[PDB]
Each structure stands twice: as structure tokens, then as C-alpha cells.
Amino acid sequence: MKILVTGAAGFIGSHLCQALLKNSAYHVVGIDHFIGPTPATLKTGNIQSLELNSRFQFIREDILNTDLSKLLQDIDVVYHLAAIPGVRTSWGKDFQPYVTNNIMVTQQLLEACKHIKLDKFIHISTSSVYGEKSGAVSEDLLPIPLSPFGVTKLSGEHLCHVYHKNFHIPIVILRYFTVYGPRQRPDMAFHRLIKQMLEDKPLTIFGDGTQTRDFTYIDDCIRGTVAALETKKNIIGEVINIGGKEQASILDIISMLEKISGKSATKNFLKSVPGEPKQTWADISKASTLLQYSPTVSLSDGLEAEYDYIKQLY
């Protein structure tokens, strides 16, 4: 059967495509415009990996400049990953690209899916929609984003609900929690901290380093994402958290990188960035039930894999 992956040249999109292409039953179309925080050179590598496989078709186009009706005629499943993802660069003059690529892009894709016979429209969202909450967050918690970025992603979720209720588009929303591993975007914490450690530079810590994340290793994220397609259960209309094996503070991660590198870190403490929560912590009860999701990669093993990728990247 035939799967559209939007944002296929990106971090998570390229891994998702690779996993789907392991199944000879699946044909994959990737669409990507090469925009956002990751320079075009690293995305070119991603698409090169995918184009090794005869069952992959690459479309280098803006979704807002694509004949979506024609693109979707033979598509059975949409994975929608295309977005501008940076929590920290969504203020003032930088906000318009988030609205265009996170809101207008999602609305246009849904409009085009109204008269398609889809199995599933699997929309990728973010723990960023919740904002600041205590305890492990469940998917029925009133979300209040802290950043303009989070507002745009939550607007994308709400459009999914509008088109599902009015036009029976078979939507599934996955909320990922801080994904890491090989090919992680260069703007994210682990990529930056690892690169700084490799180059004997001070490690840049925003705030006091006590902020915590439910870090999700890429292979765990992708197992849950493929399960959203393959699950025996009816998940149409569900929001599902996809979170990681182990929660950690940035200080905890720095100690873990010291253990892997065998270097001691010089720390550069900078002012906290507006719009970032102090804690993320997913309740993955629902994923366990509906997807058989269980994250299995420990932070030590995951960080070592990313450490090896960074060391080879540069």
C-alpha cells in the first residue's frame, strides 16, 4: 500500500521513511521543501539514504505549491511530519513561518483529504502543546502552550479534530516528547552539547540545568509511529502521547556525556529562554494499551548512539 510522509528529509521523517521501506508491502512518497532550522546539506544526505530504495518517490516541493488532489489519489496513509519545529525562534518577526507551515499547511492537506478514501491521517504533534504541568500528563489534560510554536502545533491538532468531525477524515494525533539520537536536528540540546564536548568548548546550559525532559530515543519514537499504522486496535480520533524510557535533567545528561566521553565538562550557564517548560513527563498508559508501545532504549545507550553519529558527522 502507499504512504505519504510529509517532512521526509527531516530528522524524524527520514527515520520513519527508512522504517516503512523495510516492509516490501509499503511504497513511500516523501515530500520536503528543505526549510526550517536544519541546513539543506544534512537533509540532502537523508533523501540520498531513502532514494537507495526503489519503493521510495521523493517530491522536492512546498506542500502549499503541490497539486495535492493529484498527489493523494493513490495514497492510503498520510504521515504528516512537515512543520517548523524550533520552540525558541518563534517570537516577533520569526512567527509568520510557523503559522504558514504549521497551520496553513495542515489545513490545506486536510482540505485535500476530504474526498480521498484514506485508511489513516496520522498527524505528528508535540509535548509543547501542554505547557507547564506537574505529574505525568495524560492526553485529556487541558493544554496551555508556553510558546508561539506550541500555539501553532496545537492549532494543527484542532484542525485535525475539525476535519474528522465534519468530513470523517480518519485522523490520529501522536504527541512526541523531545526526540533524540542519530540525525537529531543541530538546534537541539543533545546535538549542541555533544558537539561542544567533542570540540572542548563550554557546554551551553539555558537556565540552571534543573529543567527535565521525557527524552524519547528515535527508534522508540518510530516503533510507536509505525504501530499507529499497524495496530489491531481502533485509534481513529485518539490523541496518543509517545514518550521515552527515562526522564532526566540537563545536569543529569551532562554527567551521562562525561561518562561516555571520559572528559569533564566546562559549563556555560546562560539565561533561561522564554517559552520553555521546566518539566515534560508523558503518561504513556494510552500508547501501551492502543499501540503496545514500550520504550526500550536507555539514555546511556541512546546518548552513545548519538555521540557516535555526531563524532562521524563533523
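Heads up: residue numbers just count along the shown sequence, starting at 1.
K.L.:
Can you let me know which of the two, 129-137 or 159-167, has the higher average C-alpha B-factor in the entry?
P.N.:
Result of the comparison: 129-137.
K.L.:
With respect to the recorded C-alpha B factors, which stretch has the higher mean value, 201-209 or 237-245?
P.N.:
Per the PDB entry, the higher value belongs to 201-209.
K.L.:
In terms of recorded Cα temperature factor, pick the maximum from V273, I59, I63, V28.
P.N.:
If I rank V273, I59, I63, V28 by C-alpha B-factor, first place goes to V273.
K.L.:
Quick one: which of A287, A282, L42, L50 has the biggest Cα B-factor according to the entry?
P.N.:
If I rank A287, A282, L42, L50 by C-alpha B-factor, first place goes to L42.
K.L.:
Comparing against every modelled residue in the chain, figure out the third that the C-alpha B-factor of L20 lands in (lowest, middle or highest).
P.N.:
Lowest third.
K.L.:
According to the PDB entry, is the CA B factor of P97 in the bottom, middle or top third of its chain, that is, lowest, middle or highest?
P.N.:
Lowest third, going by the recorded CA B-factors of the chain.
K.L.:
Please place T89 in the lowest, middle or highest third of its chain by C-alpha B factor as given in the entry.
P.N.:
Within its chain, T89 is a highest-third residue by C-alpha B-factor, going by the deposited values.
K.L.:
How does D32 rank on Cα B-factor within its chain, lowest, middle or highest third?
P.N.:
Within its chain, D32 is a lowest-third residue by C-alpha B-factor, going by the deposited values.
K.L.:
By the recorded C-alpha temperature factor, relative to the other modelled residues in its chain, which third is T231 in?
P.N.:
CA B-factor rank for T231: middle third.
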